[PDB]
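Residue-level structural notes
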Amino acid sequence: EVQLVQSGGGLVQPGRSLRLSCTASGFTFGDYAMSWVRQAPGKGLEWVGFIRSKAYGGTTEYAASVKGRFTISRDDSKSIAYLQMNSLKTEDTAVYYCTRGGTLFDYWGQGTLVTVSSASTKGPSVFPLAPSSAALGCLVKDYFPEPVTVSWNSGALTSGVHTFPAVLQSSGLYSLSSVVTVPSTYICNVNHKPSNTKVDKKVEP
Amino acid sequence: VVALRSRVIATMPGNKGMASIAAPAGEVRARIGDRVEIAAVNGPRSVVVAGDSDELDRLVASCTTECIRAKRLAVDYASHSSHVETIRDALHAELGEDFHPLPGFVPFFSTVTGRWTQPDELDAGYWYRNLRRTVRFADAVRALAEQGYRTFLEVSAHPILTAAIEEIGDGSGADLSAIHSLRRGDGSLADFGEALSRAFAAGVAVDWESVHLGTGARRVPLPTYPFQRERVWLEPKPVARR
Amino acid sequence: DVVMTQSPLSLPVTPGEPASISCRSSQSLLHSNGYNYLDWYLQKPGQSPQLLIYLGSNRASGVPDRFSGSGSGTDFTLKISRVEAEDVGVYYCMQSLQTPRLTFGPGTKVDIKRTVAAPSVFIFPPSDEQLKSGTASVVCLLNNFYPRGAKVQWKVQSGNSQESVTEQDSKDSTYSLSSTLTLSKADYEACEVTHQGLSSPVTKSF
């Protein structure tokens, strides 16, 4: 079958260089025009650029904002497409999709989550959510990057447990509030993977 | 957990150790004295005893006067007693600082409670209970037979506890299979292969579609199942003009 | 200029029902070969998008028959004969006449349909252990609500609220919302919604 396997994730700070490699398997690479499309968190697609097919002329065309800095290249002999992400910014903190056509994005590959933040890697600052009088919750905020898993009763309660998605503050950190809704005392543990910081909290109003 | 526990427990040797015997619980529990308790009932005819020095050695001496398996454990240390309970910080909480209790998943089986539990209490508190209370391993094993568990695979390099599981069924009507682990002196893959063969013989479900993945084997024609054929035939009843 | 397109952003679907998603274009996307130039795309929740329909009506290979496309030069319509859970996602209406392609448009947010839910508004004042580090966040916990068309106001004004919209589930097929009001020391010393489940604003404070 056809695959558009991707690579090029990692850590970059504002003003660095990165590489996005797309390997196409299943068809001839030379006659399809590569495109790079990127999914900003919270919304759908935004097209970054595309290079024309080798025989069309290999004429690259990016979006006016990302024109110049980003460099789209390809090659048949080793069958690889490069997206040279130079001078990464807060708009590059997004998922990136290798699309199999300049004007027909067919396979979309898999999707590489490229992060561009100036924050560091520390564990969460778990703050409780005391019920008014109800639901019982606790915060996760002051953590980065995004591996995350918050359960309640330490994986014992699953009905009514609902952990909120990440929220990005202007200072470059991530925000989660996990919540349960059941009358009653409840315990919440948060595991921060990159630094391995597990914090446990019990809540009363 | 285990590393810090061993590191800090390495100081108590010289005062107390443990031993493991296959004697019935009755006589040993009757004759224990001078700071002795049964650490773990591993069966009606198997007990691990945690007692002080100069008499626990004499407990395995009393067991060699009755001529049973005498193993003076060279790894003797203090547990299931008060010589380790006095450390309420290093031996009670320092071992486990992080813990991720899981849900039901595949039913595991704790011992200190003697019954099946959810995996929530598996933390430093469990090691505190192991160092404070007894084990009651036989109670958990009997719970295994009650919940349908008979085949026991010993995760070790020498069978010492499946030996005891064989005395679980030596007085119980529910005779259960306790696999022979790698013999004392076996450290090669041939022994692991024979252990796997024995486990399959006992009834252990072995996914053979995983052992043959790295070998790159090929399926070859083999004889089919030899149907043990009876003489099953239903002839017509009537006899003409009777 | 550019052919800027609109669509029914919040079209609901329910299992066992045929659905009719649409797109409207300012100009005419019909080509000189009489070939409409619109591409219906599907993005799964948290997965790679897929090409459902090209050239207005035709399939892509591997895409189930349950999607059909039609329409004129300006109005385009995709009917889903048999709605499924993989069908639920975001539907993209892509034009081809002009490519630069700056954005993919608002997109049609497709959700599994139940009746209108009762929004549970829960005010959580920030904990006192939050107040030691100089931060504060009272969370208006909107829960079990449908659709996701509710804004949360912060009075007694707004502007410091951050958005957390959540995953719609299987057994309940509802929404949850977090309007996180990150706050500072002095200004700490009420949230209400206008969701369609109720009419009068229900205002409760910390």
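Residues numbered from 1 in each chain as written, not as in the entry; some residues may be left out. Chains lettered and ligands numbered in written order. Part of a larger assembly, values for the part shown. Heavy atoms only, no water.

Its PDB record attributes the structure to cryo-EM, giving the resolution as 3.4 Å.

Moving on, we come to the overall build of chain C. Assigned secondary structure in chain C consists of 0 helices and 17 strands. Whereas a compact globule of 206 residues would reach a radius of gyration of roughly 17 Å, chain C reaches 21 Å, over 25% beyond that. Expressed as lengths along the three principal axes of its C-alpha atoms, the size of chain C is roughly 70 × 40 × 30 Å. Per-residue burial over chain C gives 46% buried out of 206 residues. Measuring between centres, the 17 positive side-chain charges of chain C sit 3 Å from its 18 negative side-chain charges. (Helix = DSSP H or I, 4+ residues; strand = E, 2+ residues; numbered from the N terminus. Rg over C-alpha atoms; globule rule 2.2 N^0.38 Å. Buried < 20%, exposed > 50% of the residue type's maximum accessible area, 1.4 Å probe, protein only. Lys, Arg positive; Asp, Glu negative; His and termini not counted. Charge placed at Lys NZ, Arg CZ, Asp CG, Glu CD.)

Okay, the environment of A:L136 next. Considering the arrangement of structural elements, one finds A:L136 in strand β12 (residues 135-139). Accessibility expressed as a relative area gives 5% for A:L136, which makes it buried. On a C-alpha basis, the gap between A:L136 and A:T149 in space is 17 Å, while along the polypeptide they are 13 residues apart. Aside from chain neighbours lying at most four places away, what touches A:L136 is A:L129, A:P131, A:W152, A:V179, A:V180, A:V182, A:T185, A:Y186, A:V203 and C:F124. (Contact = heavy atoms within 4.5 Å.)

Turning our eyes to something else, we now look at the sheet that holds strand β9 (residues 90-95) of chain C. Residue and element names in this part refer to chain C. Strand order in the open sheet made by the 5 strands is β6-β5-β4-β9-β10, with antiparallel pairing throughout. Strands at the two margins of the open sheet, each flanked by one partner only, are β6 (58-59) and β10 (108-109). Sheet topology note: the strand β4 (residues 38-43)/strand β5 (residues 49-54) ladder contains 4 bridges and is antiparallel. Residue pairing across strands places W40 opposite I53, the latter belonging to β5. (Pairing = 2+ DSSP bridges.)

Pairwise contact counts over the 2 pairs of chains in contact peak for chains A and C. The closest approach of any C-alpha atom in chain B to one in chain C is 20 Å; the two make no contact.

This brings us to the state of the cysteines. All names here are of chain C. Tallying each qualifying case throughout the model produces 4 disulfides over all chains. Covalent S-S linkage joins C23 and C93, the inter-sulfur distance amounting to 2.0 Å. Classification of the bridge connecting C23 and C93 rests on its S-S torsion, roughly -80 degrees, and on that basis the disulfide is left-handed. With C23 in strand β3 (residues 19-25) and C93 in strand β9, the pair connects residues that are 70 residues apart, well separated along the chain. Between the sulfur atoms of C140 and its disulfide partner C191 the distance amounts to 2.0 Å. Between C140 and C191 the sulfur-sulfur dihedral comes to about 70 degrees; the bridge is accordingly right-handed. Each member of the pair, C140 as well as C191, is classed as buried. With its disulfide-bonded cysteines labelled consecutively along the sequence, chain C is connected as 1-2, 3-4. (Disulfide = S-S within 2.5 Å.)

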